[PDB]
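Colleague: This is the structure, below, for whatever I ask next.
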Amino acid sequence: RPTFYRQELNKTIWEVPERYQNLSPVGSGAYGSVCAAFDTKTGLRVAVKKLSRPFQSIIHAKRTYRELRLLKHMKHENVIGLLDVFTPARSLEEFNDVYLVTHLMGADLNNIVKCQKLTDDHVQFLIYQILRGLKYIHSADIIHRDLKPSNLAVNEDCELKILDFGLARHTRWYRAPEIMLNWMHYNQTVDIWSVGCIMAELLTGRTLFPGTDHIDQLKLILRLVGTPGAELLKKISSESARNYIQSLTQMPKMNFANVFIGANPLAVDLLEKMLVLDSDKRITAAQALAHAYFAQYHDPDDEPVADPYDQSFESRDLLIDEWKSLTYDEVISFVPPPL
Ligand SMILES: CCCNC(=O)c1cn2ncnc(Nc3cc(C(=O)NC4CC4)ccc3C)c2c1C
């Protein structure tokens, strides 16, 4: 147990140990507020997330537990890790606050692309790194479901980290069409759609699909991928959507050569295999890595798959004290990473 201290940061109380020096609200992080802090027992520049009412609800309680378990398992370079997990709690019948810690990067891929367009080598390193992150996440049977530049954290030396994974359920701009229109059974390839919306954007400095609603967004989608054909229009079941498509203007597929003008031929080819409207035809994270474009970066011997990750709790219906105890048990039981 360490020396604690109580401070305030923009209308909220922040109870954090002696070691966590200098704090500052850097931006909007999933579930609660995040702070930029400077460590001591390691002495680095970290990010600290204070969860918003983590146990106030059955949703919040099942989502507090979920995250703490994803980060206690994710040991891969381009995947967000867990440096520390703390509470000001003396007991379990007190424990109603949770804070998780990990390194702070330079900027996110959204603030990177704003200033400005990135060459055919920056892109090679960034997409490779995104997908190599995805491959580790995926083999542990987790999908992202909300992959977009803002959750893709990067360093000055271009080294990448994926954020806010495995939490999403129930940005649309990088969201897969089948998960947005409820067309098919769906799989881990909804993020493979996201990377092609990201890739293309680092290659043009232009949001591929800056649509306005579920209707405008999709109209922007076909406006590039061509209306579902004879192979696809059979597969879709969704009575509303299945009847909705055949009532749109007949559009052809565009040439990704005549869209991404000047682009390295292999980028055009991989993009094509990314914006496929067939969730079963579409390429996978591991498949995408063995593509000629990543010839120089790719080495299957340094692209690892994850240690088995237990999701048995994900179908479970438990009470708040049950969850609040499971998380408490995981908070107290965590052991720092080895240097
Ligand atoms: C200087 C601009 C760049 N800033 C960053 O590097 C950076 C921004 N953020 N924003 C939110 N959470 C972070 N970290 C974080 C991420 C998760 C996370 O990704 N959750 C996984 C979904 C289960 C959980 C807790 C925390 C503190 C984080 C980091 C590191």
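The chains in the structure tokens are called A, B, ... from first to last as shown; in each chain the residues are counted from 1, and the ligands are counted from 1 in the order shown.
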Can you list, as a VMD selection string, every protein, DNA or RNA residue that comes within 10 Å of residue 174 in chain A when you count only C-alpha atoms, leaving out same-chain residues fewer than 3 positions away?
Modeller: chain A and resid 145 to 149 171 177 190 to 198 207 to 210 217
Colleague: Would you return as a list in words the members of range 211-243 of chain A that DSSP assigns to helix (DSSP H, G or I) on this structure's backbone?
Modeller: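 In range 211-243 of chain A, DSSP puts these residues in helix (DSSP H, G or I): residues 214, 215, 216, 217, 218, 219, 220, 221, 222, 223, 224, 225, 232, 233, 234, 235, 239, 240, 241, 242 and 243 of chain A.
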Colleague: Just want the residues within 7 Å of ligand 1, written as an mmCIF file with N, CA, C and O atoms, in the first residue's frame, counting only C-alpha atoms and all ligand atoms.
Modeller:
```cif
data_model
loop_
_atom_site.group_PDB
_atom_site.id
_atom_site.type_symbol
_atom_site.label_atom_id
_atom_site.label_comp_id
_atom_site.auth_asym_id
_atom_site.auth_seq_id
_atom_site.Cartn_x
_atom_site.Cartn_y
_atom_site.Cartn_z
ATOM 1 N N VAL A 26 -5.744 15.404 -21.103
ATOM 2 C CA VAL A 26 -5.270 15.400 -22.489
ATOM 3 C C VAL A 26 -6.337 15.260 -23.576
ATOM 4 O O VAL A 26 -6.120 15.714 -24.702
ATOM 5 N N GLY A 27 -7.468 14.649 -23.244
ATOM 6 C CA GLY A 27 -8.543 14.462 -24.208
ATOM 7 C C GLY A 27 -9.660 13.561 -23.739
ATOM 8 O O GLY A 27 -9.738 13.221 -22.551
ATOM 9 N N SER A 28 -10.539 13.173 -24.683
ATOM 10 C CA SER A 28 -11.690 12.318 -24.392
ATOM 11 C C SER A 28 -11.444 10.823 -24.631
ATOM 12 O O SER A 28 -11.446 10.364 -25.780
ATOM 13 N N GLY A 29 -11.218 10.097 -23.528
ATOM 14 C CA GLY A 29 -10.988 8.653 -23.508
ATOM 15 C C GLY A 29 -12.230 7.862 -23.144
ATOM 16 O O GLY A 29 -13.048 8.338 -22.350
ATOM 17 N N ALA A 30 -12.390 6.651 -23.735
ATOM 18 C CA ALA A 30 -13.562 5.791 -23.505
ATOM 19 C C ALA A 30 -13.747 5.469 -22.030
ATOM 20 O O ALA A 30 -12.783 5.089 -21.372
ATOM 21 N N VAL A 34 -9.190 10.682 -18.824
ATOM 22 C CA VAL A 34 -7.798 10.263 -18.843
ATOM 23 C C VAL A 34 -6.888 11.444 -18.461
ATOM 24 O O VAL A 34 -7.244 12.597 -18.703
ATOM 25 N N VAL A 46 3.257 8.475 -18.622
ATOM 26 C CA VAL A 46 2.057 7.631 -18.685
ATOM 27 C C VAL A 46 0.740 8.366 -18.950
ATOM 28 O O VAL A 46 0.669 9.579 -18.852
ATOM 29 N N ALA A 47 -0.315 7.573 -19.194
ATOM 30 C CA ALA A 47 -1.725 7.925 -19.349
ATOM 31 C C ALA A 47 -2.503 7.184 -18.254
ATOM 32 O O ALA A 47 -2.292 5.989 -18.059
ATOM 33 N N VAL A 48 -3.344 7.913 -17.502
ATOM 34 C CA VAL A 48 -4.152 7.373 -16.390
ATOM 35 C C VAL A 48 -5.634 7.606 -16.675
ATOM 36 O O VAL A 48 -6.018 8.755 -16.843
ATOM 37 N N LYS A 49 -6.460 6.535 -16.690
ATOM 38 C CA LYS A 49 -7.893 6.629 -16.948
ATOM 39 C C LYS A 49 -8.663 6.433 -15.670
ATOM 40 O O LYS A 49 -8.493 5.404 -15.013
ATOM 41 N N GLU A 67 -12.663 -4.705 -19.377
ATOM 42 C CA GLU A 67 -11.474 -3.934 -19.703
ATOM 43 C C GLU A 67 -10.265 -4.413 -18.888
ATOM 44 O O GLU A 67 -9.334 -4.958 -19.482
ATOM 45 N N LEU A 70 -8.930 -7.455 -20.293
ATOM 46 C CA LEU A 70 -8.362 -7.363 -21.638
ATOM 47 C C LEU A 70 -6.908 -6.912 -21.545
ATOM 48 O O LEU A 70 -6.030 -7.538 -22.120
ATOM 49 N N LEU A 71 -6.651 -5.901 -20.721
ATOM 50 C CA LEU A 71 -5.336 -5.293 -20.468
ATOM 51 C C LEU A 71 -4.427 -6.147 -19.588
ATOM 52 O O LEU A 71 -3.220 -5.903 -19.573
ATOM 53 N N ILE A 80 -2.359 -1.899 -26.678
ATOM 54 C CA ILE A 80 -2.325 -1.247 -25.359
ATOM 55 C C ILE A 80 -2.178 -2.215 -24.173
ATOM 56 O O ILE A 80 -2.901 -3.206 -24.054
ATOM 57 N N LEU A 100 -6.758 2.983 -14.263
ATOM 58 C CA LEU A 100 -5.876 2.086 -15.005
ATOM 59 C C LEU A 100 -4.804 2.929 -15.627
ATOM 60 O O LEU A 100 -5.067 4.073 -15.999
ATOM 61 N N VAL A 101 -3.582 2.393 -15.704
ATOM 62 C CA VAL A 101 -2.421 3.126 -16.212
ATOM 63 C C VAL A 101 -1.679 2.381 -17.330
ATOM 64 O O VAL A 101 -1.619 1.153 -17.343
ATOM 65 N N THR A 102 -1.093 3.160 -18.264
ATOM 66 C CA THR A 102 -0.263 2.743 -19.419
ATOM 67 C C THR A 102 0.462 3.971 -20.009
ATOM 68 O O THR A 102 -0.001 5.089 -19.792
ATOM 69 N N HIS A 103 1.579 3.761 -20.747
ATOM 70 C CA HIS A 103 2.416 4.801 -21.390
ATOM 71 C C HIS A 103 1.628 5.866 -22.178
ATOM 72 O O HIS A 103 0.574 5.562 -22.733
ATOM 73 N N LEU A 104 2.171 7.086 -22.286
ATOM 74 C CA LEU A 104 1.567 8.126 -23.130
ATOM 75 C C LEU A 104 2.387 8.191 -24.411
ATOM 76 O O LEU A 104 3.611 8.155 -24.353
ATOM 77 N N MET A 105 1.721 8.231 -25.564
ATOM 78 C CA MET A 105 2.407 8.281 -26.865
ATOM 79 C C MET A 105 2.626 9.767 -27.220
ATOM 80 O O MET A 105 2.411 10.623 -26.341
ATOM 81 N N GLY A 106 3.052 10.054 -28.464
ATOM 82 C CA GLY A 106 3.294 11.416 -28.937
ATOM 83 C C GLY A 106 2.036 12.167 -29.322
ATOM 84 O O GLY A 106 1.881 13.334 -28.947
ATOM 85 N N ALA A 107 1.155 11.497 -30.121
ATOM 86 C CA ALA A 107 -0.136 11.937 -30.692
ATOM 87 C C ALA A 107 -0.880 10.758 -31.315
ATOM 88 O O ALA A 107 -0.281 9.717 -31.585
ATOM 89 N N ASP A 108 -2.177 10.950 -31.601
ATOM 90 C CA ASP A 108 -3.010 9.961 -32.265
ATOM 91 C C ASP A 108 -3.029 10.231 -33.767
ATOM 92 O O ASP A 108 -2.927 11.387 -34.196
ATOM 93 N N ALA A 153 -2.833 5.390 -31.385
ATOM 94 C CA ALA A 153 -1.819 6.204 -30.729
ATOM 95 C C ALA A 153 -0.432 5.935 -31.315
ATOM 96 O O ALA A 153 -0.049 4.782 -31.548
ATOM 97 N N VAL A 154 0.315 7.018 -31.569
ATOM 98 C CA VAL A 154 1.617 6.933 -32.204
ATOM 99 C C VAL A 154 2.737 7.777 -31.571
ATOM 100 O O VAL A 154 2.476 8.789 -30.916
ATOM 101 N N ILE A 162 -2.747 0.419 -30.374
ATOM 102 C CA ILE A 162 -4.204 0.369 -30.530
ATOM 103 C C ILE A 162 -4.844 0.624 -29.154
ATOM 104 O O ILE A 162 -4.348 0.096 -28.151
ATOM 105 N N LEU A 163 -5.920 1.454 -29.111
ATOM 106 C CA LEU A 163 -6.655 1.787 -27.875
ATOM 107 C C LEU A 163 -8.127 1.348 -27.946
ATOM 108 O O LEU A 163 -8.628 0.935 -28.987
ATOM 109 N N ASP A 164 -8.809 1.465 -26.827
ATOM 110 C CA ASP A 164 -10.237 1.234 -26.675
ATOM 111 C C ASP A 164 -10.876 -0.002 -27.345
ATOM 112 O O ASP A 164 -12.067 0.010 -27.706
ATOM 113 N N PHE A 165 -10.080 -1.090 -27.462
ATOM 114 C CA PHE A 165 -10.546 -2.339 -28.055
ATOM 115 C C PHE A 165 -11.477 -3.162 -27.153
ATOM 116 O O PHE A 165 -11.588 -2.870 -25.967
ATOM 117 N N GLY A 166 -12.162 -4.145 -27.752
ATOM 118 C CA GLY A 166 -13.067 -5.084 -27.102
ATOM 119 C C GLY A 166 -14.138 -4.528 -26.185
ATOM 120 O O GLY A 166 -14.739 -5.300 -25.428
ATOM 121 N N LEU A 167 -14.386 -3.205 -26.211
ATOM 122 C CA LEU A 167 -15.380 -2.588 -25.322
ATOM 123 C C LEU A 167 -16.730 -2.331 -25.979
ATOM 124 O O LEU A 167 -17.758 -2.423 -25.302
#
```
Colleague: Which is closest to residue 87 in chain A among A:272, A:178, A:121, A:15, if we use only C-alpha atoms?
Modeller: A:15
Colleague: For residue 243 in chain A, which residue out of A:181, A:137, A:126, A:13 is the nearest one, using only C-alpha atoms?
Modeller: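 Among A:181, A:137, A:126, A:13, it is A:181 that comes nearest to residue 243 in chain A.
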Colleague: List the spatial neighbours of residue 245 in chain A as JSON, numbers by chain - criterion: any atom at most 9 Å away, only C-alpha atoms, same-chain residues fewer than 5 positions off excluded.
Modeller: {"A": [227, 228, 233, 240]}
Colleague: Would you output that residue set with N, CA and C atoms, as an mmCIF file, in the first residue's frame?
Modeller:
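Generated output (result-v5.cif):
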```cif
data_model
loop_
_atom_site.group_PDB
_atom_site.id
_atom_site.type_symbol
_atom_site.label_atom_id
_atom_site.label_comp_id
_atom_site.auth_asym_id
_atom_site.auth_seq_id
_atom_site.Cartn_x
_atom_site.Cartn_y
_atom_site.Cartn_z
ATOM 1 N N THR A 227 -23.003 -0.948 -55.953
ATOM 2 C CA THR A 227 -24.174 -1.636 -55.368
ATOM 3 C C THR A 227 -24.040 -3.191 -55.333
ATOM 4 N N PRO A 228 -24.454 -3.859 -54.213
ATOM 5 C CA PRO A 228 -24.394 -5.334 -54.148
ATOM 6 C C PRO A 228 -24.847 -6.039 -55.436
ATOM 7 N N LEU A 233 -26.488 -9.903 -53.092
ATOM 8 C CA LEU A 233 -27.948 -9.713 -52.943
ATOM 9 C C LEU A 233 -28.774 -10.961 -52.544
ATOM 10 N N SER A 240 -35.731 -5.377 -43.950
ATOM 11 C CA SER A 240 -35.754 -3.920 -44.147
ATOM 12 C C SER A 240 -34.669 -3.501 -45.129
#
```
Colleague: Go through range 246-291 of chain A residue by residue and, counting only C-alpha atoms, keep those with an atom at most 12 Å from range 128-134 of chain A; for each kept residue give the shortest atom pair and its distance in Å to one decimal, ordered by chain and increasing number, as a Markdown table.
Modeller:
```
| residue | atom | partner | partner_atom | distance |
| --- | --- | --- | --- | --- |
| A:267 | CA | A:128 | CA | 11.7 |
| A:270 | CA | A:128 | CA | 11.6 |
| A:274 | CA | A:131 | CA | 11.9 |
| A:283 | CA | A:131 | CA | 11.2 |
| A:284 | CA | A:131 | CA | 9.0 |
| A:285 | CA | A:131 | CA | 5.3 |
| A:286 | CA | A:131 | CA | 7.6 |
| A:287 | CA | A:131 | CA | 9.6 |
| A:288 | CA | A:131 | CA | 7.4 |
| A:289 | CA | A:128 | CA | 6.7 |
| A:290 | CA | A:128 | CA | 10.0 |
| A:291 | CA | A:128 | CA | 10.0 |
```
